[PDB]
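To start, the structure itself, in structure tokens.
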Amino acid sequence: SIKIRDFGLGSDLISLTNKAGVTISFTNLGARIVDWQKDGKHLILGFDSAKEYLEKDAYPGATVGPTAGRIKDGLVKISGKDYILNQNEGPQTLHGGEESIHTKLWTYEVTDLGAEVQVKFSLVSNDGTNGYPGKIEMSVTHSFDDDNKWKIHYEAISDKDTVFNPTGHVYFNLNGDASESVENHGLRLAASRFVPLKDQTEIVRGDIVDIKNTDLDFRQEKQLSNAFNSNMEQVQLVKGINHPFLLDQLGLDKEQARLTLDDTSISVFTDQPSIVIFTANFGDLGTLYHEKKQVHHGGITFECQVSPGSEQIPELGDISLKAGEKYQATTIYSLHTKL
Amino acid sequence: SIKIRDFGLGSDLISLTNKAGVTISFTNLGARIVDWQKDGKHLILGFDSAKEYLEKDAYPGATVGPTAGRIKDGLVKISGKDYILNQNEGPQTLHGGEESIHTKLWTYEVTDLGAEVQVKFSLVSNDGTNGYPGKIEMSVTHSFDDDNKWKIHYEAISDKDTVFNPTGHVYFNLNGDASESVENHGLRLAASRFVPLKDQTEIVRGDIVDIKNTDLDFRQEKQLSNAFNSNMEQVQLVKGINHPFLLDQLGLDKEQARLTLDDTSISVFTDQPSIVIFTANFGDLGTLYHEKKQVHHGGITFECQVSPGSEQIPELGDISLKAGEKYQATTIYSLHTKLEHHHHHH
Ligand SMILES: OC[C@H]1O[C@@H](O)[C@H](O)[C@@H](O)[C@@H]1O
Ligand code: NA
């Protein structure tokens with residue numbers, strides 16, 4: 001079934017309940033995922049109204065871009081030309097700059113296919129918006145089906161050469177409670193390398209490091225506490241994890257990662273080359289979710305996209321988008337319950 | 001009372017009924033007025049869903065900006081610097097460029113004051129959007145009261161020195177039918193001069209002309225047909241009216257314009273210096289409004305703002321906005337009955 005309701009400030013809340021009784025909800029504010037629940041338990045983090053997002057934290061579950069992550073000095077070069085983007089974190093351009101697409105009301109249309117329901121959100125990024133050449137017509141399709149597969153499909157077209165590399169910012173918490181650390185969760189991840197950060201500014205350091213046999217090797221399922229109790233300078237630098245992991249094998253068919261807690265597991269699939277993992281290293285902040293004080297490590301993201309830092313490490317890839325070219329991306333979060 | 005419902009594509013329809021039974025409605029898509037009715041008659045032009053606006057004509061009743069009208073070659077000078085804005089009408093920048101504010105979903109909050117209800121829509125124009133320095137935090141408050149006054153209040157603040165001169169794009173048609181020309185309406189307008197357009201591109205000519213005693217003089221109420229039937233060059237150039245009228249006496253207190261049809265009048269008050277009037281000179285385009293094919297001259301706007309062309313005619317004004325300086329503009333449309341005797345035949 002589908003239900004639509006006012007989410008606050010003119011935003012809407014779209015909730016889909018599949019054949020299994022599983023419920024997922026989104027909002028046009030930032031084309032984002034608001035909740036995901038089973039047997040009355042939430043699997044991800046989210047607020048209860050639009051205002052909260054706006055007052056507390058605008059990132060959770062949002063579509064971020066046009067470029068996800070940090071860009072050193074807000075500088076990108078397009079067609080051999082230097083362009084300076086909005087700087088919203090020191091000299092860096094983080095998640096597209098201030099007041100980005102995650103804070104806009106996107107238009108949308110719901111398409112019911114029976115076993116699957118789709119919600120297509122659309123937004124036009126005007127040429128010059130936050131320094132980015134455009135215009136960029138974008139759409140993000142969130143769909144949910146009877147197999148408990150939540151999928152995100154992106155598309156974009158620009159009138160001019162530009163840069164484009166958005167991501168989905170859902171935070172998972174299989175504990176179903178923000179006051180509870182995800183350290184008890186088990187993680188498996190098909191990445192043998194990672195991108196170290198320079199320093200507390202969180203810009204990339206400049207190199208690619210092999211994680212094989214370190215506290216960050218999750219090629220074999222392991223509990224998070226491990227990584228969390230590590231003395232790796234990199235873990236110590238951010239106070240948990242806040243890094244791009246390079247997937248070993250590319251392709252939407254491969255389970256790139258798996259988050260498990262008890263009989264509940266989330267599998268991640270993407271056509272992207274990297275997964276940025278952030279463990280809600282907020283320390284004492286205590287943001288409130290469902291009236292629950294958030295704890296350091298009370299959440300974890302799987303941001304699938306091209307690794308940030310390509311400006312300095314070209315090997316990472318290239319986020320350019322040429323005029324007329326159609327950008328496409330897909331990421332899937334599949335839910336499974338053991339028997 | 002207040003009612004809200006989905007209007008399509010994610011936009012909402014906010015409907016107000018005052019104590020007099022008059023209803024009016026708005027949508028967050030372009031912080032725009034959708035309808036205004038009296039005794040079941042539409043006083044304005046509007047569509048029935050959000051998709052219509054996007055598919056047929058996105059301007060009607062919208063809030064347009066950041067700069068209303070045409071900027072020759074999309075060129076503005078901001079604090080000694082030249083800036084080139086999005087050019088969406090040939091080399092011209094018309095109504096802030098492509099996919100401007102009128103096309104966006106604004107957030108909004110409703111404030112019930114009893115005899116008055118306010119709908120405050122908000123949006124942020126990011127720095128550099130369509131070439132405009134920002135960011136610009138904007139808000140438009142549409143309000144309706146028990147006295148039948150519909151008021152629009154604009155507010156804005158920029159992080160950088162920029163330009164700002166927005167307007168409301170409502171179209172009136174007292175016939176309550178798009179297929180009926182407004183040439184049968186009576187018009188009174190407190191303006192002695194107007195700004196002629198150079199040619200079909202519609203940029204300003206460069207001069208200010210005195211229209212007293214011409215077919216464009218409405219200081220004393222006259223039927224619109226007088227204008228429509230005129231062969232004055234300017235009328236012929238645009239096939240009707242599509243010009244800025246320089247108000248003679250400024251001030252929010254003065255009735256600058258009055259549009260009448262029989263027993264109904266719409267009075268216009270504003271704190272702006274000019275009123276740009278466009279009479280839906282669409283020829284046989286025939287856009288469908290409520291299943292009625294719109295006729296040439298099947299509507300009229302009163303866009304209150306600083307006149308367009310100040311780039312070329314400095315005398316018109318200064319639409320610049322200094323960083324940190326707060327912009328405000330107020331326009332009011334008031335509805336009356338039997339204000340005067342208007343008994344004609346066309
Ligand atoms: O689409 C509506 C537009 O039509 C043009 O002919 C007018 O000059 C514009 O001012 C008006 O907003
Ligand atoms: Na809504």
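Lettering and numbering for the structure tokens are positional, with chains as A, B, ... in the shown order, residues counted from 1 in each chain, and ligands counted from 1 in the shown order.
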When you look at residue 31 (chain A) with a cut-off of 8 Å (counting only C-alpha atoms), what residues show up, excluding the ones that are within fewer than 5 positions of it in the same chain? I need them as a list in words.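 Residues near the query, excluding close chain neighbours: residues 26, 62, 63, 102, 105, 106, 121 and 140 of chain A.
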Selected residues written out, N, CA, C and O atoms, as a tab-separated table (two decimals), in the first residue's frame:
```
chain	number	residue	atom	x	y	z
A	26	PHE	N	9.80	8.06	2.36
A	26	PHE	CA	10.69	9.05	1.77
A	26	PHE	C	10.03	10.39	1.80
A	26	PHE	O	8.81	10.53	1.97
A	62	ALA	N	19.52	11.72	2.87
A	62	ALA	CA	19.37	12.58	1.71
A	62	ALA	C	20.19	12.17	0.54
A	62	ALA	O	21.19	11.43	0.62
A	63	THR	N	19.77	12.76	-0.56
A	63	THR	CA	20.48	12.66	-1.80
A	63	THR	C	21.45	13.84	-1.71
A	63	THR	O	20.98	14.96	-1.50
A	102	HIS	N	20.17	18.73	-1.04
A	102	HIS	CA	19.53	17.99	0.04
A	102	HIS	C	18.55	18.86	0.83
A	102	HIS	O	17.80	18.36	1.66
A	105	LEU	N	13.08	21.12	-2.08
A	105	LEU	CA	11.88	20.35	-2.26
A	105	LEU	C	11.88	19.95	-3.72
A	105	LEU	O	11.81	20.80	-4.62
A	106	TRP	N	12.01	18.66	-3.94
A	106	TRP	CA	12.04	18.10	-5.27
A	106	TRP	C	10.62	17.82	-5.69
A	106	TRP	O	9.78	17.62	-4.82
A	121	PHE	N	11.85	11.42	-8.08
A	121	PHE	CA	12.02	12.80	-7.66
A	121	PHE	C	12.85	13.54	-8.71
A	121	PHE	O	13.85	12.97	-9.18
A	140	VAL	N	16.15	11.25	-9.23
A	140	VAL	CA	16.55	10.17	-8.37
A	140	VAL	C	15.33	9.33	-8.12
A	140	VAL	O	14.27	9.86	-7.70
```
Per DSSP on the backbone, what are the strand (DSSP E or B) residues of region 78-113 of chain A, as a short mmCIF file (atom, residue, chain, number, x, y, z; two decimals) with N, CA, C and O atoms, in the first residue's frame?
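Heads up, here's the output in result.cif:
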```cif
data_model
loop_
_atom_site.label_atom_id
_atom_site.label_comp_id
_atom_site.auth_asym_id
_atom_site.auth_seq_id
_atom_site.Cartn_x
_atom_site.Cartn_y
_atom_site.Cartn_z
N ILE A 78 37.53 22.11 -15.15
CA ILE A 78 36.62 21.66 -16.18
C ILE A 78 37.12 22.16 -17.50
O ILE A 78 37.33 23.36 -17.66
N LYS A 81 39.84 24.33 -17.33
CA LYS A 81 39.59 25.56 -16.64
C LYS A 81 39.30 25.30 -15.18
O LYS A 81 38.65 24.32 -14.81
N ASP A 82 39.80 26.20 -14.35
CA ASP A 82 39.61 26.11 -12.92
C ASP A 82 38.31 26.74 -12.52
O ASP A 82 37.98 27.87 -12.93
N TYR A 83 37.57 26.02 -11.71
CA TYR A 83 36.32 26.56 -11.23
C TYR A 83 36.32 26.41 -9.73
O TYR A 83 36.70 25.35 -9.23
N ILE A 84 35.90 27.48 -9.06
CA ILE A 84 35.77 27.52 -7.62
C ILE A 84 34.29 27.39 -7.20
O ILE A 84 33.47 28.26 -7.53
N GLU A 89 32.84 24.49 4.26
CA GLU A 89 33.54 23.86 5.35
C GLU A 89 34.97 24.28 5.23
O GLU A 89 35.79 23.57 4.63
N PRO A 91 37.76 26.00 3.45
CA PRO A 91 37.97 26.20 2.01
C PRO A 91 37.45 25.03 1.16
O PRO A 91 37.52 25.02 -0.07
N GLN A 92 36.93 24.02 1.83
CA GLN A 92 36.43 22.90 1.10
C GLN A 92 34.98 23.07 0.72
O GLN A 92 34.17 23.75 1.37
N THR A 93 34.65 22.37 -0.33
CA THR A 93 33.31 22.29 -0.81
C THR A 93 32.88 20.91 -0.34
O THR A 93 33.48 19.90 -0.72
N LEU A 94 31.92 20.88 0.56
CA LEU A 94 31.50 19.61 1.10
C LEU A 94 30.06 19.33 0.71
O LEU A 94 29.19 20.13 0.99
N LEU A 105 13.08 21.12 -2.08
CA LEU A 105 11.88 20.35 -2.26
C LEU A 105 11.88 19.95 -3.72
O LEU A 105 11.81 20.80 -4.62
N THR A 107 10.34 17.77 -7.01
CA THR A 107 9.01 17.40 -7.40
C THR A 107 9.07 15.89 -7.51
O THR A 107 10.15 15.30 -7.68
N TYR A 108 7.92 15.26 -7.46
CA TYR A 108 7.93 13.80 -7.60
C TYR A 108 6.62 13.23 -8.12
O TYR A 108 5.53 13.86 -8.09
N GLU A 109 6.79 11.99 -8.56
CA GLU A 109 5.72 11.20 -9.09
C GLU A 109 5.96 9.82 -8.65
O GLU A 109 7.07 9.36 -8.73
N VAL A 110 4.85 9.23 -8.22
CA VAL A 110 4.76 7.85 -7.74
C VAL A 110 4.24 6.94 -8.83
O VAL A 110 3.29 7.26 -9.51
N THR A 111 4.88 5.81 -9.02
CA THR A 111 4.48 4.85 -10.03
C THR A 111 4.39 3.46 -9.38
O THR A 111 5.39 2.84 -8.95
N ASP A 112 3.15 2.99 -9.28
CA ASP A 112 2.86 1.71 -8.68
C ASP A 112 2.89 0.59 -9.71
O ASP A 112 2.07 0.59 -10.63
#
```
Skipping near chain neighbours, those fewer than 4 positions away, what residues fall within 6 Å of region 175-189 of chain B using only C-alpha atoms, listed as a list in words?
residues 41, 42, 43, 218, 219, 220, 221, 222, 223, 224, 225, 256, 257, 258, 259, 260, 261, 292, 293, 294, 295, 297 and 298 of chain B
Counting only C-alpha atoms, what is within 9 Å of region 162-167 of chain A, bar same-chain residues fewer than 2 positions away, as a ChimeraX atom specification?
/A:62-69,76,78-79,95-96,132-134,136,154,156,158-160,169,303-306,318-323,327,329
Next on the checklist: Give me, as a PyMOL selection string, the set of residues whose atoms come within 9 Å of any atom of ligand 1, counting only C-alpha atoms and all ligand atoms.
Outcome noted: chain B and resi 57-60+68-70+94-95+169+201-202+238+242-243+276-278+280-282
